[PDB]
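Just one chain follows, in the form deposited in one PDB entry, and it is written as structure tokens.
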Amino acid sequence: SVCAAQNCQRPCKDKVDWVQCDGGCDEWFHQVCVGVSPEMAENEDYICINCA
């Protein structure tokens, strides 16, 4: 179920989205933990704070 937010990300869904760093560590991050939207995660590269 969606919440009152205009852009509800449905944290209640049965799927967890991930994104991998391109900066060099090559590690996997939960998208919500690093504050990226599925759009961001797919349309551009991702550089974690340790590789930044």
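One rule holds for the numbers: they count along the sequence shown, beginning at 1. So that the term is clear: the rigid core is the largest set of C-alpha atoms that superpose within 1.5 Å between two forms.
The protein also exists as the form deposited in another entry; that form is not presented, and the subsequent description refers to it.
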Out of 11, 35, 24, 38, the position with Cα displaced 2 angstroms or more between this form and the one not shown on rigid-core fit is 11
Given that the distance between the C-alpha atoms of residue 30 and residue 9 changes by 3 Å or more in the other entry, do they end up closer or farther than here?
-> closer
So the Cα-Cα distance between residue 8 and residue 46 shifts by 3 Å or more in the other entry; is it shorter or longer than what we see here?
-> closer
